[PDB]
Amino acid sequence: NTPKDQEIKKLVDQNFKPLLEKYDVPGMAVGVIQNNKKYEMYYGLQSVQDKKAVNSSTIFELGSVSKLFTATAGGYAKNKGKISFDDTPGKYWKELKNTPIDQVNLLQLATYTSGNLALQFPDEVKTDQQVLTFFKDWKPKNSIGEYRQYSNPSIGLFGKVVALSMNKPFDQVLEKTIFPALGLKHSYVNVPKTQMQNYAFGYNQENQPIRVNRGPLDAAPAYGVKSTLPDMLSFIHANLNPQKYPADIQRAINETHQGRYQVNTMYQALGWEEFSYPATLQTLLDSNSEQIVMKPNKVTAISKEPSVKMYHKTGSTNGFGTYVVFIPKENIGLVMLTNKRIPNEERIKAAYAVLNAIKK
């Protein structure tokens, strides 16, 4: 009939390719891994003005999908005995001792339940001293641990503490320890001059070329990672097959898969969002609703510990969109990278359509 690689390509053409015209997206990379076979599909241009095609070397900004690597780094440090998730940040960043934030433990930072951390650092918070001041001036609002409010400073502080516990800067933790352990060869916190020719332009909603100029250094654990489609497929492979990796990074990956609490049908793991599988489309869309992403929500203890589960994460920057999803017992995952934002719901819907139509 039709070879499997062509069937997958046809499904990506049917569900992802129309998004390029619908949202005026210059370039897109979509990868599927099924049963340890990788399928890569590249569309469009990484630079419109250079007429340079998206390809396996194209580097994209991951946005909030960066939090998955921070989560993995925390799991690595935990299982090396360098941190406990019950520790507080003042144990490692001593200037935070005797401050309100030092009542919040590392797990609560990593899963957004400190009770009073907003979505972004304030624009004025740019230097290391302003970040220290920001956290020193933090006072609790809600009871610690009771409410989830998605927050880049929350996981930024987590990543900074993880890096302190390993005695290296966070960029070095990823680029010298975690990325190599996962087998990634073109993933970066700082893209080197030798790779600039492969770093896609991002494109804003007027289709003007832009790129993340970021904020403070301690925001990098929240959204500072750049990667290629092959590298993100390797990362999905690692999450699908942790048993194939050395003990330290295997235990780190498994740590990121552990659900910690629920908000309705979402399980909050470390970095990853987790769902009982099969998941309804609406369950996956609800995880990205304004109510969940933008408002505080009371957390509840896990009741059903799902045996059969799936995980996903969206990420965006001003000029890039990302979506990653994987389903362990179906041995399958998908990554989408674009150099223009498109609505999260469209990313989720298109991936749902593809993954559910691929023949087992």
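Note that residue numbering follows the sequence shown and begins at 1.
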Which wins on mean Cα temperature factor, 272-280 or 204-212? 204-212
Once you work out the mean C-alpha B-factor for both 175-183 and 234-242 from the entry, which is higher? 175-183
Out of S66, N36, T317, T58, which residue has the highest Cα temperature factor in the PDB record? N36
Highest Cα temperature factor in the entry, among the options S227, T127, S154, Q258: which one is it? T127
Using only modelled residues of the chain, where does the Cα B factor of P328 rank: lowest third, middle third or highest third? middle
Considering only modelled residues of the same chain, in which third does the CA B-factor of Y76 rank: lowest, middle or highest? middle
Just say lowest, middle or highest third for the CA B-factor of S47 relative to the other modelled residues in its chain. middle
Relative to the other modelled residues in the chain, which third contains the C-alpha temperature factor of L217: lowest, middle or highest? highest
Chain-relative CA temperature factor third for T322: lowest
